[PDB]
Each structure stands twice: as structure tokens, then as C-alpha cells.
Amino acid sequence: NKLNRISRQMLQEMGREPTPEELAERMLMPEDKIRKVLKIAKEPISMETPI
Amino acid sequence: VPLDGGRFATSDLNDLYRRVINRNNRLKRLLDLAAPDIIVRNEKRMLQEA
Amino acid sequence: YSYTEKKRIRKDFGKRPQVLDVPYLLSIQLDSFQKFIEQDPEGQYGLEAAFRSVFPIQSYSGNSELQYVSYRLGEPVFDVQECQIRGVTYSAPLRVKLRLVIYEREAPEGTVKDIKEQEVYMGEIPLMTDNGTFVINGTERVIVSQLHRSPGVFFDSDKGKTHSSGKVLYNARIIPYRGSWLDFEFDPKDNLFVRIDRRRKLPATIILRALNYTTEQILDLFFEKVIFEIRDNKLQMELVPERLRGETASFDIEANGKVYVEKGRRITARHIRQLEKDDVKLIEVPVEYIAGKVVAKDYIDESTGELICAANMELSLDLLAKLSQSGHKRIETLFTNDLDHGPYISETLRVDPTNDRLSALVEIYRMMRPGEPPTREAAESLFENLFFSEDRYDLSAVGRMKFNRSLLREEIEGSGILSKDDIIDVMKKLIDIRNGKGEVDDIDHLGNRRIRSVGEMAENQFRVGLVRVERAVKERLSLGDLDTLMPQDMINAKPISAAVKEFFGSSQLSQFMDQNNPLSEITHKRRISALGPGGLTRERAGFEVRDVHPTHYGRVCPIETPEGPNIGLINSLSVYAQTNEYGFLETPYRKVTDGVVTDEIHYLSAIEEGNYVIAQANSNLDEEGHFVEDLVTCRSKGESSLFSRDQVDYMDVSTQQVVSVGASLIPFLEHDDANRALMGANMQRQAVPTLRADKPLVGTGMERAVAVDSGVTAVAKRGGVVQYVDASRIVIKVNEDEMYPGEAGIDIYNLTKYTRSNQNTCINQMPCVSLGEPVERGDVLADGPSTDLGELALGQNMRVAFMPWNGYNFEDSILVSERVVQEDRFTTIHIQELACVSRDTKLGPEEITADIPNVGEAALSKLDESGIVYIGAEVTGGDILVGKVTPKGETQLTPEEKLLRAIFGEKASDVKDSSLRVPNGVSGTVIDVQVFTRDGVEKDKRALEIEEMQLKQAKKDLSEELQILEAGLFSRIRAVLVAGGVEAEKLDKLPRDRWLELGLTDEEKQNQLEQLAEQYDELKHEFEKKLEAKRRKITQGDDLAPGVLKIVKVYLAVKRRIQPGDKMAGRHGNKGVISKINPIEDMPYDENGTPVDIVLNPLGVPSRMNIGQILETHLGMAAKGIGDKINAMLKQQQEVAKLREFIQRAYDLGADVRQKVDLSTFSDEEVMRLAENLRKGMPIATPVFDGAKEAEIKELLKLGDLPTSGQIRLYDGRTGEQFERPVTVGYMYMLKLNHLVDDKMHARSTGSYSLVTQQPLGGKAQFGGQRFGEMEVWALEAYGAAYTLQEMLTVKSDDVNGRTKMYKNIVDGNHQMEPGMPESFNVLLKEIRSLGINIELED
Amino acid sequence: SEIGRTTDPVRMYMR
RNA sequence: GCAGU
């Protein structure tokens, strides 16, 4: 949630989605922690999703 | 099952079962807490509809 | 004449002089999106209107407001091509200048405390390229236009579909643009009923009582009163005469004069004429005349305060004698004349239970939200928010226009919400239609049906995003921190960006572009679609919306439509068709003032097309303009008939006005059946571009328009002279007349070389001009795919013979000679990207490496030291393209291979070969390799090599365009310097860098020198500004998906030659699969030994009556026959006078043709270039429905010394003996369609199986398995094939222990099965048991 | 009353 | 969704 809020404010101030290597410096967490957090936050697709 | 792109892919049955178990454990909670009848009636209705 | 179209002139057999040139064919998409994004001062279109629709956003209380100043579109981060390479959307950032106005706490009028304005960023909106396509996640997408029902009111009926009694039931329906539907209808007993959102029906007067009308007001609105001023004489009755129209008078009428009609007679209009001519208005009626009459007013007794008769109550004699005691002189009564007037409203008010506003609102609430207890201020807000709130209902400008036009109001403009009188007028027109005083609307009339295009759908989705933002801003302005926040702390860009993003990427109308040839694109952009959000569903669309209405004439093609489940739901905009300012298709017509058909053009829509009489385009007329015939065939109301010359109002503007740009390319369309024309128009869009484009010898003249209006070609923006031509670029030195002051005056055109289309074909631009030759504005400079000198060339002119050949052309098969495969005619290049994605697994990273375990050393021969293939490497199926390994663990090998490891000692590796290999059957050249590396991952030697190549190429291209432009600027400087104070023999020694500071005497041209020097300096500055940006875009990281480390994309370029199985076609619906590639010596051949290229079947002509494919052949014999003469004159090296004479005879031929090619003005060099371009057959133009008559084809055959019957005697190639009858031999324009047998053939023995059910996987991409479905099981049950069936069920799909045993038995030489229970049945028993049901197996 | 007119448990809760 | 039979 903190990551989504911070990336929301960064997108609002610089007009683009922030890279994890600047999202990690607006926060104070290591960049690989931001990478694993971004890898975690996804919800599973339903297998009944039509292609 | 994990898709190769790191994301997962589930069946809708896991979502429906997970809803059932959430409402059921909450009903057991409310029955232990001696909640008012409005709340336990609403929870029984939600478990029935889940 | 031209310069690009006198290289080779297509002889035109058209006879009607064209009055309107074909418009820009992609103006639908481009005009719509331009209206979307461009700035609107008056706020009517696009983004400005969507902002003013929502802003200003006031708070819930009114202490603060968020208003909108203006918006802006940022610069896109990446170019179109960079977005296609990096797989990102080509969009522009929406920078909106907002303003937060905050007041003091208690202000008199809302006097402000502070204003804080700043430029918030809300979302990115995808931009449309200059060809009407959108690059969305790298793929080019086309948002197809939608044909939906126009907002308004529509009166319709069911024609006795209910109650089995033949009673037509009428219904009015108010459809808003955005809002809730409102229906009125008649039930089988004439009670008016209302529905909202198609839920269960209320009586219609409940909504009249929801409005504040009482019962007497309702009866006053929907009726006219008959008044009984009961004088001394029994029921002295006031009367207007016409009320007596058509009824059986059982009472006599006596009033100071004649007894007019005896009792027991029906009376006619002459009796009413009698009663109104003798001027009787007040009569004497019998006492029982009130028995049955319904009172109109609420009659009260002022003596006792009690209402002695309620309104809408049937007066009777006892009730009449009752209220007559109260001393009431006038009795008002609803006048209901049957078959002219209806009891419908009164008999409806007799049904509803509500008698005042609150009870009606409560009934509407119980209808709308059932089971929720209604309160007063909840129901009276639900109803006011249904139709009468400007934020929850919109009858838009087109909706208000159609609404007022239906009810015959005078205004075309009004409010977007309903009103009392709107609903009253809809009910009134429905009652009028019930009384026979009107007619129901036609729901699929193209004036009741309108075009919603990309720039309106995108604005709708953007407004959806803005209201999702407005709710959050209203939730935010209701807080107490309003003195510290800026407006960008309130705007989440993700609602807007998500709405626009899902519309552009994942809508039904935003479709993956069909990019086979230029025609596929140019007819996918002109597509109309009844489906989509807010449209039909292809499964629930009846036979009538799928029909060709009489109003598609000139607006929608009748021919070009799909053939599958959605036919007539996907339409194609006709050639001249346009859209209204409201979105109604309009088509152009020439006004016929006094019989002189004026060249003035008026665009008539479908509703105003029926008021006029409109002559055909085939109607003959002299140079004066008058119709030379006297009964002109015209279209009056949707029906066709003959009219006098004086009646005719308008005339068609062309003969191809009715057909689309795909069907206007079919030559001799007037001789094909409409089914075969549909098939041909659909199969032209599937032809793949061959190696060398070949123009059609028989065309229709729309080739140039289709090839130019699609952006596949390079068209000169300004005229000039070709300074430099090259396979990769064309540099044009612009003429002095066309260049601006302070400009280099040089146009560079960079050509697209060998890139992938959406359909994996090659799109590749070849320069058409030569070095030094002059070009004009609009001249085609470089061809595209399927383009020959600026014409649209979708195939090749194959010499066909119509004869049956030994059964090898049986049932629409094609026999092809080997000289079509030799000459590489239908060889097509196909480019495939293949991606090797090195991901980060949880056991460790996968690495792109060249030391692959347990693979040969010869397999890694084509990989470089970095594990990736070389560019130029000829690969076949199975070869490793990108060497990759995934780390694996927990081997746990069986004891036997454990012993095997113990004996030989080859220890297994920790990595698994997951490399990217060429798919089986594919064989081609690697032509490009792209490596995208995640930032932080160190680049391998190949990525750094590709980057130094990219940086060298970017720097070299920018330096070369700077050298070109600066050379042009210095040539312009030298031209200005010699215009006065000429140093031409001094300036040639002075170096080019010294000419700027050379002060010339300032008459006026020193201003020119100032502007040219300033242009040169800012060119030098812009070169560096572009080079540093190119360098930082090259050397920057890639925003890959989370989890992947790098992606290597290998671009194979396969050359598919023609082979048995490949689907070939013509333009007349004559498809066919090649059945044999016959040797040259086996083909039939004429008396001169020329063999036949393709042998088609005569039996495919007469039943499917595409006679055009015969005439195209007979004329293609004529065209090439001209060429074979010019070629002969080019081999004897005849003088140019004889060539000029013969080419003038070939261009003069025809019966009053509209073109005049006068070679008297051609220079001899231009005649020679033309004759060199005509030595392969003279291209002929047969426009659609005014093309070449058969007599002209025979005259052209006589000119080329050919048999005028179009038939020669052939000889068998194998036996040398003559075929007993003359054979139709000629030149048909054949097309190789994209259904290639290489992409069709697929087989599996075993492979991957599905996960839940253990059956094989789906298709040839997942290695397939063919569905042995239900009808095939019935086929095996109809035979006694019990074992074949059983092995199709058990040991080929699902018996998991049984299919491995079957494999080991087939391998061990024993064709025997041991079938068990299919695993799908165990899945079924487990899924039935997960319901509360106990299903078992008994024994 | 409104008993038996709805199937939504949200509406029954609010009722 | 878009095509092919």
C-alpha cells in the first residue's frame, strides 16, 4: 500500500510511472526489495478467462 | 498453477470455496462471541448464499 | 498529364464523365480522432467537452471548488516505431491546468479566500498515427466504427406476435445516449403500460401521477371534452359537427329544424357536411345518451362538501339524476369516438392503484428497488434521478434532435433531460399511432441508426474516467485540510488511464489490424460494426438487422460483408459515403435544377433521401445536361420506378457510389452474382504480397486511390527533383516555388525495409523514382507491399485456360504449371519474431549461454560466443536460435540410471536446456536480433555489440541527414548570393563555412541570408539535440515485465514458394486450392508454343454465375495482346513514329470513352518510356457498372490480332494432339491468399496433455490433437466401429495408465489396448460428489 | 410488508 | 473478438 501510494504521487509529480530504481529512492528500501514486492502484488488469473 | 510469467492461474472454485470458508469461520466466530441476532442472522444468510 | 501516371497510362473504358473525385478514404478515422483531441474553443467536441461536462467540481458543502482552465497534450516519449520496437503504447500525456478555488468559512456569495492553479497530469491518451491506426502495446490496432441505434424516441410494434389474435401491439421507446430506457406499450386490451429499464410494466398513468398531474389534468391533456349544458329540454348538448364522423346513429338529432338521420343508421361525412352547412351547434339528445359516458371533472356538492361524482367515473342515469339535484348546468364529458379516438387513458386509469403523487412514486419505487421500504424523500429522489437529472440521464444533441424530429417540433436543440411535455408528447404520438394517425418507425433505417467512431467512443470512456475521478474529488473536498493541499494531491491518474487503456486495448471494437496488403488496412479502417459495447450480439441478432435495407444505397456496401455468423452486422462504408455532423451516413448527389444535371453536389442523409426522386448514375445525358431518355429510372421513397425528366430532383454522383472500396476493385462486377462478388471482395483482403508486384492488366481505376490513401507508399509531399535515390531513402530537392523562406528545401523519405506486418508478412518499400527525374506533389516516390508504380497490385496476371485437365482441377482445384514456381511469381516473404525470455526462476536465474548441456557441437555452430544466433544465419527447423538453460534440482533418478551413472561416470548437469529453437518446418534467414536487458543486469557481449551498432547507425543517419540538409541550405545560399552581387567564380574557392558571414549588400535579400544562416545554426543545434536523445534512448534500460531478466527477439525471414495446397483466388469469388504443380511440357499450348500458366475449371463458371472472371479473361487476353505487339515493336527497334501510332490506336479505341490520351504532346522519350512500361500488356481500366462492353473487348481483341471470340485451339502438352474444341485462354489476375498449407498441416502422435482433464491440448501451437467430437462419435456408432470408438475415448485421450501402455505396446510390436476408465469420468464423479450428490460405481 | 419481495441479502440486512 | 470450411 505504501508502494502504491508513493508511486501514485511520483506519477502525479513527474508524469510517468517511476522506475523501481527511483521508486526505491523515494522510499528507503533496497531496490531488490521493491522488485520482489512488485512481483508479489499480482492476483491470480482465472482459468476461465477467455482468450 | 504458476504461469511462467511469475503470475498464477486459479480456478473459480478456489475463489468460491475461499468465500465459503471465510463466511463459515466468521459465523463460528460470531457464535462464540454471542453476537446479537441481527449479525448472526445476516451471517447465516451470507453463508447460505455463498 | 502527370509524371507518375504517364510512365504507364491505364486505358480507361469508362464512359460517364466523373463529377466527384474519390475522397480521402481514411477520413472517417482521422476526422473523428481529430475532433477528439484537438482544441475546441466553444467546447463541443472531444476532451474540452468532456472536461466541461464534469468541471467545475463543487464540494458537498460548497466551501471549495475544483475548476478547469485548459488542457494540453504532452510530447510522446517514444516515436511510433520506437513504440513498435519497445512494445509500449504510442500515447501523449494529458496535462490539464486545474484550479482549486477555496472560500472563507462564511462568505456572502462564495467570496474566495485563495485560488491555487496548477498543471495536474491525468493519464496518457493513445495518439492515432497519420494512417488511422493506434500503436497499443506495440501492435497496431484499428478502432472499428460502430453502427448503433440513434438516441431518440422510436415507435414500433409487434405484428400480432402476442395473444394469437392478430392485434398489433404498439410501443414507444425513449432511448437516451446515456441514461435509463423508457417504454410505453399497449396490451391486448388497449391499456397503456410503462416500463423503465425493461423491467415489469406499470400502468402508464403512474408516471403521469409521478409528475404532479391529477386525474382531471390527465384527462384534460389526453382528451377533448363534450359539454352538456343541460337546459330546460332534456340534456341540451353542445356540439361541434365533425364529432359525428362515422358511427351508427341510434338516436335522432333535432335542433330548430330537420330531423337529420333516422334512428338505427350509420351516418356518412355528407351528413356532417349537412349539419355544419345548416349551422347547428346545440342539439337535443335522448336521456340514455349519458349511459356509458365518462365524466371529465370532479363534481362536488357545495351543499355538503362531498364529491358526488369522481373524475373518470362512468355517468349513469341514476348518477345523473343524483348530481342534477345540486344545480349544475354544465356537464363536461370525455369525447371518445371509436376508431378515431381512444378510451385508452381512461381505461388505463381504471387499472392503476395510485391516486396521487406519493402513491405513484411509491409504486415506481417498488418496481425499481423491490423489497426495500420506500420513504418519501427516497422515492421522490429516485424518480427525479431517473430521467430528470443531468448527471444520470442524457438525451444528447443527436438524441434531442431525433426526439424533436419524431414529434414534429420546430426546434432541433434542447435539453438533454426529459420533461413533462416530452413524455406527454411520446404518449400522445403513441396514441395517435394506435388511432391510425401515424406509422411506426423503421428500426434499421439508416436515418434511425448512426455512426459512433473512435473519437466519440474514446471521449465516452474518458468521461467515464473523469466521473470516477469526480466522485473521489467530491469525497476529498469534504475534508478539513483544504487550506494546505494542491489540486494534484486530489487527482489519481489511474481511473482515467485505466478507462482509456481498457477501451483502447481490450474493447471489442479496438481490433488487431488486418495488415495483409494495403486493401486489408484501408477496408479495416472503413469498417462499420453493429456489434460492440452498446450494440448487438451476433447470436441474438435476427434476420432483419442483417438485411440490405433500401437506405444502404450509397452509404453501406451491400456486397462487402462477412460470411460467417456475423453477416450484415459487419458492414463496409461505401466509397463516397460520409458522416453527418450527428453521425448519420450521408452520400453525395448532383442537383438537377431544371433538367440540366448540375455539377453541384449535395450530401443527402437517409431521411432526406426519400423526400426526393433521385436518378440513376446510368441515366444517359448529353453535354447539355438533360436526360436524353424521357422516362428516367429513379428511386422515389425506397422503391424504384420510372419518372419523367421534369420530376427528377437529384442524380447519383458515380456508378461506384454504391459499392465499397473493396468491391469497386472487382472488374466486371456487373456480371458477377452478388454471392460471388461478396466472396471476391472478402478474398481480396486476404491476398499476401508477392516478391515482385504485378499490376492488374484488367483493373477498375481505383487501384491508385487505394494504394495512395493507404499509407503503405511514399508520396511526395512537395514537388521537386530526385536528388538521390536509394533502396533505403529518397532525397528530393524541392522546387523553388514550393519551399518556404528560411528552409533547406530538401525532403528526405526514409523507406520501411523488411519489417513484420501484423500477419507476419513482409512490408517493404521499394523506390519507384530514378535519380534526377522530376517529381510533383502527390507523386508516388516509393512503392509499398502490393504496389506497382503507385497502383494496387494484389497478385499476378497469370495466363489461364478454362478447360478440364485430367481431373486435376476437379471441384475448384487449380492446376499450376512449373513455370509459375520457376519464375517465383507467388513466392511471398514472411517474417516471424521468436522470443527467448530469460526469466528469474526461484531456483536461480536462467542464463543465455552457448555451453548448452548434452547437445552437439555442430548445433552450436551458428551461435556466437554470447549464445545468440548470427544475423544472416540460414536456419532450418530444430536449430538453436538463442541458447538458454534453466537451473533445475532434486533429480531423484531411478536405480537403473543410478547404476548407469555408476558404470560410465557421466554425471548429470544441474541445468536444463530451455533454448529457443526454430519451429519444425520453418526454414529461413535470421535478419534481426534484439536484446532487451533489464536495468541492473549486466549486458553480454552481444547486447553491447548491438548497442554500438545502434549508436553508430543513429549517429550516421543523423549526420547524413544533416549533411543533406546543410548541402541544400548552402545551395540555396549560393543561389541567393548570385541573384545579386555574384561571386560565382570567387565563391567556388571560398569554403562553405565562410559563406554565412559574407555580408551581401542589403536590398532585400540580406533578410533571406539572415534567415538561412539562422536556419543553419538551429539545424546544427537540433542535430545535437536529437543525437543525445537517440543515444540516451539506445543506452537506457528496458521496462520489461516483472520477473524476466532479458528478452532476445530473433526475426526469421521465410520465403514461402507456391505448392500443392496453397489457396489461390481471383477477384470474382473463384477460390481454389492448387492440386498439382505441372511441368511446362505437360501444359496445353497454342499454335506458337506458349504454354498455359494456370488451367481452371469451366464448371466453376456456370452454376455460380461469376461471368466476370470470363470477361476479365477475355479482356486480359486483349490487354496482353496489345503488349505483345508493343514488345515486338521494341524488339525490331521500330521508329518511335510507328510506336506512337499503334499506342494512339490502342488508346483511342472504345465507344465514346471519357479519357483522351493524346500522344502528340508526349516527347519521344516519354513515348519510349511508356511503351517500355506497356510491353508486358497494356493495363486496362473497367470501372464498376460503366466498364467495357463485350463489343469493346472484341474490338480490342481484333486490334491485337487475336481471335475475337476469345478462344484459341490448344494442344495437349503430353500427347501433342489438339483439344477437340476451342478453349478460353486469357489472362486472369490471380491472388495467393493467406491460407497456406504450410500453416495448415499439423500432426501429433503424442505430446503435452491438459491439466485437469488429461486429454490432449488444443491446437497446432500447443502441438494439437484433433477434436474427435460428438458427431464423429455418432459416425463411429453408425458403423459398428466399437473398438475404434473405444480407443478414441480411452487410450488416445484420457486413460492415463492406458495410453502409456498403448505406446509401449505399439513400440514392442503388439497392437493391443488395455482400456481403463477415462480420467474425465473420474473428474466428473468428483465434481458431482462436490455437490451434495452421491454418485457411485456398483458391482 | 416487503417480506418475501427480494433475494439480495444486502437489502434484507438494510431492512 | 477476427477469419477459414
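Quick note: numbers below take in every heavy atom, side chains included, and nothing from hydrogens, waters or symmetry partners. First the proteins, then the strands, lettered A, B, ... as listed; each starts at 1.
Closest approach of C:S660 and C:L573 over heavy atoms only: CB-O, 3.5 Å.
For the pair C:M683 CE and E:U5 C1', the interatomic distance rounds to 13 Å; values are reported in whole Å. Here the P atom of nucleotide E:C2 and the NE2 atom of C:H1235 are 15 Å apart, to the nearest Å. Atom-to-atom, CG of C:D812 to P of E:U5 comes out at 11 Å; the value is rounded to the nearest Å. Going from atom CG of C:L1233 over to atom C1' of E:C2 covers 16 Å, rounded to whole Å. The distance from atom CD1 of C:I143 to atom P of E:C2 is 14 Å, rounded to the nearest whole Å. Taking atom CD on C:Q1266 and atom P on E:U5, their separation rounds to 18 Å, with Å as the unit. For C:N760 and E:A3, the CG to P distance is 18 Å, given to the nearest whole Å. Atom CZ of C:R527 is separated from atom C1' of E:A3 by 11 Å (rounded to the nearest Å).
Residue-level contact check: C:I570 touches the backbone only, with heavy atoms under 4.0 Å from sugar-phosphate atoms and none from bases.
Phosphate proximity of E:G4 to C:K1071: absent, as no side-chain N or O sits under 4.0 Å from OP1 or OP2. Considering only side-chain N and O atoms, C:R538 lies under 4.0 angstrom from the phosphate OP1 or OP2 of E:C2. At E:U5, none of the side-chain N or O atoms of C:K1240 fall inside 4.0 Å of OP1 or OP2 (strictly under the cut-off). Applying the 4.0 Å criterion to OP1 and OP2 of E:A3, one finds that C:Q686 has every side-chain N and O outside that range.
Applying the salt bridge (charged side-chain N to carboxylate O under 4.0 Å, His left out) rule to pairs touching residues 1256-1267 of chain C yields nothing, sequence neighbours excluded.
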Would you sort out whether C:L569 and C:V545 count as a side chain to side chain contact (heavy atoms under 4.5 Å, CB included), showing the intermediate values? CA-CA 7 Å; C:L569 310 172; C:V545 77; 3.9 Å; yes

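Considering C:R1057, C:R825, C:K1055 as possible partners of C:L691, the one that fulfils the side-chain contact (heavy atoms from CB on, under 4.5 Å) test is C:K1055.
For the contact set between residues 559-568 of chain C and RNA chain E, defined by any heavy atom under 4.0 Å, the members are C:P562, C:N566.
Relative to the six-membered ring of C:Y808, C:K1076 meets both conditions, a distance below 6.0 Å and an angle of at most 45° to the axis.
Nearest to the side-chain atoms of C:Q508 among the listed nucleotides E:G1, E:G4, E:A3 stands E:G1.
C:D812 and C:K1063 are not joined by a salt bridge, as no carboxylate oxygen comes within less than 4.0 angstrom of a charged side-chain nitrogen.
The aromatic ring centroids of C:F134 and C:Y90 lie 6.0 Å or more from each other.
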